[PDB]
Structure formats: C-alpha cells, structure tokens
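These protein sequences, in sequence, are chains A and B. To convert, count from 1 in the first sequence and add 2; that's the deposited numbering. To convert, count from 1 in the second sequence and add 2; that's the deposited numbering. Think of the CB as a built atom: it goes at the ideal place given N, C-alpha and C, for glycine as much as any other residue. In what follows, a single structure is set out as structure tokens and then discussed.
Protein chains: 2
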Amino acid sequence: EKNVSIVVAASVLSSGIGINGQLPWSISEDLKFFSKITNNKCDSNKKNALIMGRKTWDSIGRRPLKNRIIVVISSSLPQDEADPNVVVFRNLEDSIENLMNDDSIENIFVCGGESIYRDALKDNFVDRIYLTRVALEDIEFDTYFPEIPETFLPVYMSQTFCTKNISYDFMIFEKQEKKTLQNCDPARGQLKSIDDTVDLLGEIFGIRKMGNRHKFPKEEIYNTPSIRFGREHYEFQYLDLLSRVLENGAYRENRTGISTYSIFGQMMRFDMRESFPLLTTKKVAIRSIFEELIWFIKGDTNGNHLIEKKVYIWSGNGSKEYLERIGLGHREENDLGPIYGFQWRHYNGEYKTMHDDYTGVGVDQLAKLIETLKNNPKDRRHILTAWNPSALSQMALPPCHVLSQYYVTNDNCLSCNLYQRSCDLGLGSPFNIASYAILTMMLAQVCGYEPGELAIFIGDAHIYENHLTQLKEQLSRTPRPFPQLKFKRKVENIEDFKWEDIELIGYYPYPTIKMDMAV
Amino acid sequence: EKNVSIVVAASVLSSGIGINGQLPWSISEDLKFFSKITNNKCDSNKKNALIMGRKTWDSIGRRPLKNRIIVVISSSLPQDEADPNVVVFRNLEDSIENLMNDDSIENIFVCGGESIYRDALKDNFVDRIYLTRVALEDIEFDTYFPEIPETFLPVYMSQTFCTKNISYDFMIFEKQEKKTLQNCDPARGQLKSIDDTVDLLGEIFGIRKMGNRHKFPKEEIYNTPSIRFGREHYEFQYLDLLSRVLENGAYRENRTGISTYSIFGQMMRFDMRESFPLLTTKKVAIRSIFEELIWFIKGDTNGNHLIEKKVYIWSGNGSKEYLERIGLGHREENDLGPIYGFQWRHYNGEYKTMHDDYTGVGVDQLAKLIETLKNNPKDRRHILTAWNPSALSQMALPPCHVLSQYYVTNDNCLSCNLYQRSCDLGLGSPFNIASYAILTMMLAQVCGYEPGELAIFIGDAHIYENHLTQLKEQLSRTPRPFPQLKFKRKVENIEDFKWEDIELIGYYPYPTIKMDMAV
Ligand SMILES: NC(=O)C1=CN([C@@H]2O[C@H](COP(=O)(O)OP(=O)(O)OC[C@H]3O[C@@H](n4cnc5c(N)ncnc54)[C@H](OP(=O)(O)O)[C@@H]3O)[C@@H](O)[C@H]2O)C=CC1
Ligand SMILES: NC(=O)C1=CN([C@@H]2O[C@H](COP(=O)(O)OP(=O)(O)OC[C@H]3O[C@@H](n4cnc5c(N)ncnc54)[C@H](OP(=O)(O)O)[C@@H]3O)[C@@H](O)[C@H]2O)C=CC1
Ligand SMILES: Cc1nc2ccc3ccc(CNc4ccc5c(c4)CN([C@@H](CCC(=O)O)C(=O)O)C5=O)cc3c2c(=O)[nH]1
Ligand SMILES: Cc1nc2ccc3ccc(CNc4ccc5c(c4)CN([C@@H](CCC(=O)O)C(=O)O)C5=O)cc3c2c(=O)[nH]1
Ligand SMILES: Cc1nc2ccc3ccc(CNc4ccc5c(c4)CN([C@@H](CCC(=O)O)C(=O)O)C5=O)cc3c2c(=O)[nH]1
Ligand SMILES: Cc1nc2ccc3ccc(CNc4ccc5c(c4)CN([C@@H](CCC(=O)O)C(=O)O)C5=O)cc3c2c(=O)[nH]1
Ligand SMILES: O=c1ccn([C@H]2C[C@H](O)[C@@H](COP(=O)(O)O)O2)c(=O)[nH]1
Ligand SMILES: O=c1ccn([C@H]2C[C@H](O)[C@@H](COP(=O)(O)O)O2)c(=O)[nH]1
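As structure tokens, this is what we get:
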C-alpha cells in the first residue's frame, strides 16, 4: 500500500490551472514547492513517481525531473526503454501498479492534466491533495482542476504569501472519514490520562477551573472544522475569536438597546508582510475604511465630511437626537467633538466646535510618532493614544481603539499593537483590523519601512444578538487567501494619501453580509 | 497487561502525606478527585482495584469503597471470604497478579502507605503517578511519599486551586523514556503531511513565513519540557514567554547601556479566582510590590517615601545624576514627576514639585473608576491610563504599564486587562503581574466583587543580556502551586490598605535569584 497524492495549483474561484499549454501565472516559490513536495521521501534508496498526462509532459519540455520518475499517460507516445526516469502507460489505472511493485517507488504523485486529475479522483485513486490556491481570477483559462469530491476534507491552510503582488495559499486535503464526533480542541487526544484528569477536575470544580470559563468552540460554530492542526491562515484569528465568544460569551445588556454576548481580554495576530488582512469570508468596504482613516489623520472631527464621501458610520452617533440624549444638544448636527484625530493631532487641545481652526493647539502625537519612529526606531515609546480623561465628556463616543504602540524590527519592518476597550466583532472589528493595517502601512512608507505584524488586544470582545444569524452564515464560508494592498505613489506627508493612491489586488471575498448597528 | 497507577497527595516541599493515621489536611475536592480517578473505568462489567497498606485500610475505617475492590497488604490480617469487595494479600508482589487474572479488574491503583508506595516504586510496579501537591509545609508529618524515581516524567500540571485558603495542584507523572529528541511544539506530530509541508514551505520562504518569526522554544530553554500537552499551571504563561523571547528575541540596544533580546506583542493570562499569581520559580518580594502600589494609589510621586519603606526600585531613575541627564536637573533629589499615581489621581494636573498639595487638581481616574465600577458594572469604559502626551517630558520615566481596563463578569468577578508598552521580563514583569493582581483585588473588595482574571498584553517584551544566566537557572525549576493572598479586613476607602492587612498564605518559592537593573 503506497500513497497517492495530487499536487496542483488552481485559481481561487474557478480553479483554473492552465492556458494554452502553460500555467496562467508565474510564481517560483510554487514551482519550488512543487519540487520540494514531490521530491520529499524517507528512503534514500527509493524514488517518488510523478504521473502526468501527455500534454503536461509536453509542458515540461519532455525532460525528466531530477531524482524522480515521470510516468506519462498517453495512448500514442512510444513505450521506450531509452530514458529510465521516464516511463509511458496506456491508461491511468495500469500505471497505478507503481503500488503493486517497484518497491523502489516510495510515493506516488498525480501531477496533472485536467483529464488525469478528473480521472484520478473519479476512480478513487488519490489519498491526498496538495492545493496551491492562486489569487488571480479575471484572466483566460482553458484547463481546470475538478471540484474536490466530498470524501475529501481540508486539514491545513497556510497563511497567505505574495509574489509579484499575487496572493496565494497552500492547503492539504485528506481523504478521511472513518470517525464520529471528534473533539475540535487540538490539545485533547494527546494522552487519555491528561484528558480524563482534566475532565474529572472539570466536574469537581466548575466555573472554578479557569479552563471551564474558556471552553473550546463546539464543532457547529467552528469555521472549517476539519482543519484542526493547520489553521495557519490568519483570518482564523478573527473567525476563531468569533467562535470563542459564541461558545463562552456571557449574555449582557449595554448602553445600546441590543444585548451582546461577550468575553473579556482576547487577542488577534495578523501578518502584513506577505498580505493585507481584509477578511475574505465577507466582502469588506475598503474605501469607507480608508476615508475614515485619513479623516482621523487630518485631525478632522466633522462628521459631515464623512457623509459627503458617502461614509455613514458616524451618522448614528452624530445625529441631533443622539447628541441631545447624551447632553451635547448645544452641538451642531454632526460635530462629533474631540474624538479620535482631534486627540491624534491635538491632544489636550481645548475643543470649541468642528469649525474652529486648531492649527497649533494641543500635542501632535501623530507628528511626534512619525518623527520619533524614524529618528529613534529602537525606542520603546512609539505610542499613540486617544484616551483623554479630560475630554471624554465632550466626545460623541469614547475611543474604542484606545491606544496603539509601534515597533520597528531589526529588519526594518514596522509592527503595530492596538488595545481596543470595546469591540463589535460582527460590525466594527473587520474594519478596525483593516484600518490599523493601513495606518501601519502609511506610517511605514512615510518613515521608510515596510509593514511587519499587527496584533490586536481586545477588552470587551462581543457579538450583538442581532448578528447571530449573519455571523453563523459567515462562519460557514471557508477562507480564501488574503488580498494585497499597495500604494501607487510615495506620498511626502502622511496626510497627502488619497483613495486613488490605493490598490487592492486580488480580493475575491464571499458576498457581503448585511449587519445593522445599534445606536 | 493491566495499568498500575499511584494516587497520592503530598505537601509541596517535603512530600508529607500523613500524621497520626490521618491526612495532614482536609480538602474535599481532593477526596472527590481521588474517588473520580480510582473509579474511572471503560468496562461497566469490570472494576478497578485499590491496593493499600493495612494502616491505610485502618484509615478508611475498614469499610469498602463503592464500585471498587480494596486489596489490603498485611502479614496478619485474615484472608477472609466475607466481604467480596475486600481481599487480603501477604506481600505486594503477589497481590499484583490482579494483572495475571481477574479480567474483571480493569485497572490497578496503588493507594497508599509510605511503605506500599516506596515498595511499589522500588519493584518497578507502577506505570503512572497522580500527585496532588498540597501547599502547607510547616506542620507535623510522620508519613511521606518517596521521591519520584527519574524514570518518571511529569506530563501534566493543573492550575492552582484553593480550599480553606490552602493551595494545591494536580499533576500526572508517566513512566516514559523510549524516545529521542521529540519536538516540544504540541502542534507537530499530529500528521506528517502538515508537518512536512510546513517545513518545506518554511524552507522556500524564510523569515517571510510568519511562523518562522515565531519559532517554538527549543527544549533546552523550555521549562519542565516533559509537560507538553498539560502546561495548565498559569506560571507557564510567564515561563513560556521567557522561553519565547530566548528563542526569537532580536538583539537590540536601548536607552540603558545594556542590550536586550526582544519580541513585539505578547500575552499572559492569570487566574485570580483560585490563587494569586506570585511566581514560585523564584522568590518575589511581595512587600515591596505592595508598598509601590499604595504609593501609586495615593497619587504620591515622592521617591523618598519608597526609600523610607525600604523599597529602592525608583532610586535609579530618581537620582540627581539621572534627572540632570534627562534635563530635569532643577528637580529635587527624588521628585520623580507626574508619573503613575499622579496621573491616576490627578490626570492632566499641572505639576510643580512632589511637595505641593494637588488635592482637587486634575482628573481623579481611580476615584471615577471605582465609582463607575459599582454604579455601572456592565459598562465598557472602565479605564485607567497613565499615558499623558503632555506630561511625558516631566516624568523621570514614561509609563510602562500604560493602560488598564476593568471588566465585571456576570457572576460578579472583577477581571483586569493591562497593556504594557515595555516590559523587563527578568526584573520587572514578575512584579507587574503581582502588582496589578493586587490592585484588582483591592478594586474588587472596595466595589463589592471578587477577583476574576488577569490578562497582560506586552508591547516590547524583552530580556536584558545580563539576566541570561539568572533566567536560565530560573527556567530549570519546576513550578509549585501558586499561593493565596487575602485581606485581613474590609477597608472602606482603597487608600486605607496597609501592609498588615495582607496575608500571603502558602507561598513556597525557590530561592531568590539576584538580577540587576539597568539605569
Ligand atoms: N496548475 C497546475 O497545478 C497544473 C497545470 N497544468 C496545465 O494543464 C494543461 C495540461 O493539461 P490538460 O490539457 O488536461 O492535458 P493533460 O496533461 O491531461 O494531458 C492530456 C493527455 O494525456 C493523455 N490521456 C489523458 N487521459 C487518458 C486516458 N484516459 N487514457 C490514455 N491517455 C490519456 C492523452 O494524450 P494522448 O493524446 O497522447 O493519448 C491526453 O491528450 C496545461 O496548460 C498545463 O500548464 C498541468 C499540470 C498542473
Ligand atoms: N496523602 C495521601 O495520598 C495518603 C496518605 N496516607 C497516610 O499515610 C499513613 C498510613 O500509611 P503508613 O503509616 O505507611 O502505613 P501503610 O498504609 O503503608 O501501612 C503499613 C502496613 O501495611 C502492611 N505492609 C507494609 N509493607 C508490607 C510488606 N512488605 N509485607 C507485608 N505487609 C506489609 C503492614 O501491616 P501488617 O503490620 O498488619 O502486616 C504495615 O504495618 C496515614 O497517616 C494515612 O493517612 C495513606 C494513603 C494516602
Ligand atoms: C502546486 C503545483 N502543482 C503543480 C503540478 C504540476 C505542474 C506541472 C508543470 C508546472 C510548470 N512547469 C514546470 C516545468 C518544469 C519544472 C517545473 C514546472 C518545476 N520544476 C522544478 C521546480 C522548480 C524549480 O527548480 O525551482 C522541479 O524540481 O520539479 C521543473 O523543472 C507546474 C505544476 C505545478 C505547479 O506549478 N504547482
Ligand atoms: C454598536 C456599534 N457602534 C459603532 C459606532 C461607531 C463606529 C465607528 C466606526 C466603526 C468601525 N469603522 C467602520 C468603518 C466603515 C464602516 C463600518 C465600520 C461599518 N460599515 C457598514 C456600513 C455603514 C453602517 O453600517 O451604517 C458596513 O457593514 O458596510 C461601514 O461602512 C464602528 C462603529 C460602531 C460599531 O462598530 N458598532
Ligand atoms: C490524591 C489522593 N490520593 C489518595 C490516596 C489514598 C488515600 C487514602 C485515604 C485518604 C483519606 N481517607 C479516606 C477515607 C474514606 C474515603 C476517602 C478517603 C475517600 N472516599 C470517597 C471519596 C470522598 C467523597 O465521598 O467525597 C471514595 O469514594 O473513595 C472515602 O470513602 C485519602 C487518600 C488520598 C487522597 O486523599 N488524595
Ligand atoms: C531597567 C528597568 N528599570 C526600571 C525602572 C523602574 C521600575 C519601577 C518598577 C518596576 C516594577 N516594580 C517593582 C517593584 C518592586 C521591586 C522590583 C520591581 C524589583 N525589585 C528588586 C529589588 C529592588 C531593586 O532591584 O533595586 C527585586 O528583584 O527584588 C523590587 O523590589 C520596574 C522598574 C524597572 C525595571 O523593571 N527595569
Ligand atoms: O472602531 C470602532 C468604533 C466603536 N465600536 C463599537 C464597539 C461597541 O459595540 C460600541 C461602543 O460601545 P461602548 O464602548 O460605547 O459601550 O461601538 C467598534 O467596535 N469599533
Ligand atoms: O512597572 C515597570 C516599570 C518600568 N519597567 C521597565 C521596562 C523597561 O525595561 C524599562 C523602561 O524602558 P524604556 O521604556 O524607558 O525604554 O523599565 C517595567 O518592566 N515595569
């Protein structure tokens, strides 16, 4: 019994794998991967065999692949004796006897040809699938990878990588299904003694055992459950936080009329070197995000300007009825007060109205941040805060993304940490992630660095009860590789960034999911 | 081949297990545990057997334990036929034939008697050890649990639990050692496909694959390495952060003359319901911690007051030469400036000197925090901050524990989140953990709640290079159960707390390790 694995790279949406006898893209790391995986073996005295259709054989230029043995499936091609590393077979089944002998052949790989893939799957010959998902979907394709039969489940999904601005994943599908329930927590199943003890200890003490307060998500609320030990894609950092509160979230009321399910003190990590963290399990409005960010950067507090750029999130907390209700009825229709941005560019500035000219008043943190970031990178005080005890009363809403710290790595990457006191996982969080990611990129370009990592620390992480069905739907979608975000020009001053300067490359999200805010 | 496990509870330091024919303590959850574990079986048609010395049999009052079969080892006791659930044997070896038959006996448990334990181990009869470590060590003992032979390695260590203010753990030792290197990362070893793929992907991309930037600690710098899937004790949250930077920490210079190894954006969790997070792998000065805390609480900035209470951490940054050096030479010998405490009780207050009377000036956050905490618990704005862009220049040192948020659980527990921009893992961190734990407890008592959980989010988590040998030593010590911290009286106002009011119960740390600070 030998192993038969499929190795293929197909576009994320339509599974395109070829065009006019060539790959529809050029990513060397993937050729490099293909080589590593199909060469990977245990017995130095054996070799792996790569099965492939004749046309694919033509693609390779009919030249052997070092250390391996190529098996071509063709009805015409002569069954030569010449090359000992290349052998021909008349049908796919007969070829797969590599098993039934050639104990010299350690592993088998179905290397391609829509025809050979489709047949390999149909005749149930393959055990595993190594799928490289490539993020370019509006180009011509004439060859495809068949749909993965249900008997196959994903067990791994790598983070997103970039090459020539093209995003791509690496995931492994295994043909499993001799099971039952099976625990999603990867910590269990290692050794019964630990599991039994923990369970019993769990029975004796209850809510007293901290672990019981942090129960692991039940399968039905865990995204792509089959990937148990390979949830490497960072979008799982958010999807899993979602599952975690759905599982442990305490039901509780709040200032808005809609109750939430919340847990306190959570974390999310996101790579920004090889991709941009814009959720794919739901379409996210990047323009709106951007427009709110430069708004902050400018130190603007006039909610009209946002409405004008057709961004309406601050309308609710900007309305005359809301301001009246929170004791700011003297305030104009959309004068949000000394909120973010005002604190960013004018910390402690004495606020009057959204019209006054604050040039010169207060402390300009953003400015200092940028200045300190490039003149003293290793410094441990690169901080930006919006929490001003003295201004709170005048704000239409207290700062949620309360404080952020920046770090310049030794390899000149710029990372960012953000502490968020309150976080609406269903509506806001997706936007916060993207927002601070962009801000970091901007700060990086301006200070001559490149994006590093983004870590987010949440205080009250919650889900509004009116988002339950939406988030359940979102959780049913398997993540796609993150897109790439690039600036079209090098701005000189951070506030010069314009929408046109931004490029969102390779974003292929699932349809948007409507979720209403609580005023 | 049946399984033979030892079940015992012994004091943390001298392994005392008995006194005048009784346990030297009374913890029901542990009796409850003993019952659960020794009853735990797969086959409803079989039973477990509990072997025990005659004296222990006397302890039980010579009455059978429901659902189980007691096997007494005695040279005198009559081999009756009466009770079918109790059977006598002349020597320990003969009794262990429970294996060689009684297929009705599913599992075996060596239940006690220093004599029987010692013999069970000596004759290599036991496969596993369930050890309940109890935290009371200055009481009389006449019976002990022998030292665990080296052939045994710990594979699990629970969090600490409390009963009548007595701390205790639960750990499992397994008699293993048919191995080799073995990876410490619990994520690996699940399925080769994932491991191989990740490794290869790791070869192709490099520092580009985020995972390679977060390498898992190498065994030689991982504390108690054998516990791979059971590092439940929360002291591992700190010990492991230590290992993590020792593994990935980037070497970098800083304001002080001593370079560090640092990583950015880390997290630590600590339970405060069943115990107090005062590290055990090194003796920590709780009094000093306390004295600095009320100092903050009082809004005091006079570093002399600390020196007077024989606390010297702020001396360095208080010296005349340091103040001169940072442009504060006009300042008096120990006038630290608008640091923590001043910002806590007088946010934005216009600072003069450590002598002026600031009563009434600035915003009193602590006061508001306490007020808001009890009048509006579910509120999502329970925040305390020390980061004041306008006062930084006057501070002898910018705030490290920058901002903290508080949360009141539905079950009336008070949890705390802290964001620390810079953290000296070797010298300061241990103290910060304890410090904020205490503060939370104080805030809780005053607001009528009880401690919940403590989560700490670090920005620049680092290790000064002159602490490497010390921390390596610390890492060689296996954690002991956390102690308990209790207040002797209910204070009416948070600033009324006095050292005498505090009780540190059951703290049994390893000798203190001297580690010098960088000015
Ligand atoms: N992205 C990826 O991972 C990969 C992409 N590709 C791409 O796919 C395209 C090549 O594949 P595709 O066009 O399907 O062609 P394939 O490589 O499958 O080759 C088809 C040929 O294989 C032989 N063959 C197929 N089925 C049988 C059968 N049942 N019995 C006998 N012989 C059979 C036939 O050759 P004969 O006529 O001589 O009898 C047939 O013409 C290229 O564009 C290539 O770049 C290829 C591999 C991987
Ligand atoms: N903390 C924990 O987990 C536990 C604590 N304990 C405590 O330990 C104490 C009891 O243990 P300890 O004093 O050692 O007494 P033990 O229970 O070992 O009993 C000793 C007796 O067992 C018989 N025995 C022992 N060895 C042999 C042998 N080699 N051959 C034949 N008979 C043997 C003898 O009885 P005989 O004279 O009649 O021949 C001997 O007097 C109590 O204080 C009890 O509370 C007990 C179990 C667990
Ligand atoms: C995931 C994946 N699967 C594949 C399966 C079959 C393929 C067949 C042809 C090609 C493109 N054509 C060639 C043609 C020749 C070679 C390689 C690819 C790869 N390759 C090297 C690897 C590339 C390198 O040297 O860096 C090898 O050792 O196999 C070749 O010599 C790609 C795939 C992929 C592919 O590109 N990616
Ligand atoms: C209960 C609640 N209140 C808020 C009040 C003000 C906010 C300001 C900013 C953000 C985060 N930033 C953005 C920035 C842009 C959009 C959204 C959020 C949400 N959003 C909606 C559209 C606008 C809307 O929902 O009204 C969407 O789903 O596409 C945006 O376009 C969230 C809130 C919340 C929030 O997330 N939740
Ligand atoms: C970890 C551990 N191991 C032990 C091993 C042997 C012991 C022998 C005697 C006693 C103390 N004496 C008695 C005497 C009688 C009973 C129990 C304990 C426990 N027990 C219940 C459990 C207690 C309960 O009912 O809650 C049982 O089902 O076994 C008894 O009937 C404790 C241990 C421990 C022990 O207390 N803890
Ligand atoms: C480089 C550096 N500088 C500092 C400057 C001021 C600090 C103030 C408070 C704390 C954290 N709080 C405490 C509170 C009490 C003690 C210690 C730290 C350390 N510590 C020493 C004794 C005093 C000393 O080291 O001088 C010990 O190891 O026991 C204490 O007694 C750390 C620093 C650091 C710090 O941790 N590292
Ligand atoms: O960037 C933002 C803006 C605010 N909110 C949400 C969080 C809360 O659901 C609500 C504020 O609630 P309070 O903190 O005011 O109670 O707005 C976000 O999630 N992110
Ligand atoms: O509560 C505290 C007081 C400060 N420090 C340490 C952290 C740094 O090692 C040093 C301050 O360094 P800078 O942030 O000033 O660079 O003091 C702590 O760890 N905890």
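Exercise for review: Using a Cβ-Cβ cut-off of less than 9 Å, list which residues of the stretch 212 to 226 of chain B approach chain A; keep chain order.
Suggested key: Shown in chain order are the members of the stretch 212 to 226 of chain B whose Cβ falls below 9 Å from a Cβ of chain A: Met212, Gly213, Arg215 and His216.
Review point. What residues from the stretch 385 to 401 of chain A come within 7 Å of chain B, judged by C-beta to C-beta, listed N to C?
Key: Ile385, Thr387, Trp389, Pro391, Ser392 and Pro400
Review point. Heavy atom of ligand 3 less than 7 Å from the Cβ of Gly55 of chain A, yes or no?
Key: no
Check your understanding: For the candidate residues A:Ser264, A:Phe459 and A:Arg271, whose alpha-carbon lies nearest to that of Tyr253 of chain A?
Key -> Minimum Cα distance to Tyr253 of chain A is reached at A:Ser264.
Check your understanding: For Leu405 of chain A, which residues in chain B fall below 7 Å Cβ to Cβ?
Key -> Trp389, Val404, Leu405 and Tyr421
Practice item. For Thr303 of chain A, go through chain B and note every residue whose CB falls closer than 8 Å to its CB, in chain order. Key: Here the premise fails: no neighbours, minimum Cβ distance about 18 Å.
Practice item. Determine whether the Cβ of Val365 of chain B lies closer than 8 Å to any Cβ atom of chain A. Key: Closer than 8 Å: yes.
Point to revise | Contacting residues, own chain, Cβ-Cβ under 6 Å from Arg230 of chain B (five flanking each side not counted) | key: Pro188
Exercise for review: Taking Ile29 of chain B as the reference, give the member of B:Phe172, B:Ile315 and B:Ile53 with the closest Cα.
Suggested key: The shortest C-alpha separation from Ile29 of chain B is found at B:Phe172.
Exercise for review: Please compile the residues from chain A whose C-beta is within a distance smaller than 7 Å of the C-beta of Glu293 of chain B.
Suggested key: Those do not exist, as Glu293 of chain B stays about 26 Å from chain A at its closest Cβ, beyond 7 Å.
Check your understanding: Using Cβ-Cβ distances below 7 Å, what residues of the stretch 143 to 175 of chain A are close to chain B?
Key -> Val157, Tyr158, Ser160, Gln161, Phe163, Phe172 and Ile174
Exercise for review: Would you mind stating whether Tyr451 of chain B and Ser406 of chain B have Cβ atoms separated by less than 8 Å?
Suggested key: no
Review point. For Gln192 of chain A and chain B, any beta-carbon pair shorter than 8 Å?
Key: Flagged as an interface residue toward chain B: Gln192 of chain A, by a C-beta distance shorter than 8 Å.
Check your understanding: Which residues, taken in chain order from the stretch 353 to 380 of chain A, show a beta carbon closer than 7 Å to some beta carbon of chain B?
Key -> For the stretch 353 to 380 of chain A, which is checked against every Cβ of chain B, the residues closer than 7 Å are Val365, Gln367 and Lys380.
Point to revise | Between the CA atoms of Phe238 of chain B and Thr226 of chain B - distance to the nearest angstrom | key: Cα to Cα, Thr226 of chain B sits roughly 10 Å from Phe238 of chain B.
Practice item. Check each candidate in A:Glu249, A:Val493 and A:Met212 and name the one with the smallest Cα separation from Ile223 of chain A. Key: A:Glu249
Point to revise | Inside the stretch 199 to 256 of chain A only - alpha helix (DSSP H) runs reaching at least 4 residues | key: 212 to 215 and 238 to 250
**Study point:** Residue ranges of each alpha helix (DSSP H) within the stretch 450 to 479 of chain A, 4 or longer
**Key:** Listed in chain order, the complete alpha helix (DSSP H) runs (minimum 4 residues) inside the stretch 450 to 479 of chain A are 470 to 477.
Review point. Residue range of the alpha helix (DSSP H) that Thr442 of chain B falls in?
Key: Element bounds for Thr442 of chain B: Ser431 to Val448.
Exercise for review: Determine, using beta-carbon pairs with one atom in the stretch 126 to 143 of chain B and one in the stretch 7 to 22 of chain B, whether at least three such pairs fall under 8 Å.
Suggested key: yes
Exercise for review: At 7 Å on the CB atoms, spell out the chain A contacts of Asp273 of chain B, in chain order.
Suggested key: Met212
Exercise for review: Mind checking the stretch 42 to 61 of chain A against chain B and listing, in chain order, the residues whose C-beta falls within less than 7 Å of any C-beta there?
Suggested key: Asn42
Practice item. Could you tell me the distance, in whole angstroms, from the CA atom of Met519 of chain A to the CA atom of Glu373 of chain B? Key: 29 Å
Exercise for review: Run the CB neighbour count on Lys181 of chain A, radius 10 Å, all protein chains shown included, and call it buried at 16 or more, exposed below.
Suggested key: exposed
Point to revise | chain B within 8 Å of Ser417 of chain A, Cβ atoms only | key: yes
Practice item. Kindly provide the ranges of any beta strand (DSSP E) runs that are 3 or more residues long and lie completely inside the stretch 145 to 177 of chain A, ordered along the chain. Key: 155 to 159, 163 to 165, 168 to 170 and 173 to 176
Point to revise | Cutoff 6 Å; reference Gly55 of chain A; Cβ partners in own chain excluding five residues on either side | key: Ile75, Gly115, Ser117 and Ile118
Check your understanding: Between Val286 of chain B and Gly213 of chain B, what straight-line distance do the alpha-carbon atoms span, to the nearest angstrom?
Key -> 34 Å
**Study point:** Interface partners of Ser277 of chain A on chain B, CB under 9 Å
**Key:** Within chain B, no residue comes near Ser277 of chain A; the closest Cβ sits about 10 Å away, beyond 9 Å.
Review point. What do you reckon, are the CB atoms on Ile174 of chain A and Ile196 of chain B nearer than 8 Å?
Key: yes
Review point. Would you call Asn103 of chain B buried or exposed, if buried means 16 or more other Cβ atoms sit within 10 Å of its Cβ?
Key: exposed
Review point. Going by the CB atoms, is the gap between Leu456 of chain B and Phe272 of chain B shorter than 8 Å?
Key: yes
Check your understanding: First and last residue of the beta strand (DSSP E) that includes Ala51 of chain B?
Key -> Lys49 to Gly55
Exercise for review: Can you give me the start and stop residues for the alpha helix (DSSP H) that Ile288 of chain A sits inside?
Suggested key: Per DSSP, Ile288 of chain A belongs to the alpha helix (DSSP H) from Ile288 to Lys300.
**Study point:** Alpha carbon of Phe127 of chain A to alpha carbon of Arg215 of chain B, nearest angstrom
**Key:** CA-CA distance, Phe127 of chain A to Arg215 of chain B, rounds to 38 Å.
**Study point:** Residue from A:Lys300, A:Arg135, A:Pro400 and A:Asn377 whose Cα sits closest to the Cα of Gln422 of chain A
**Key:** A:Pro400
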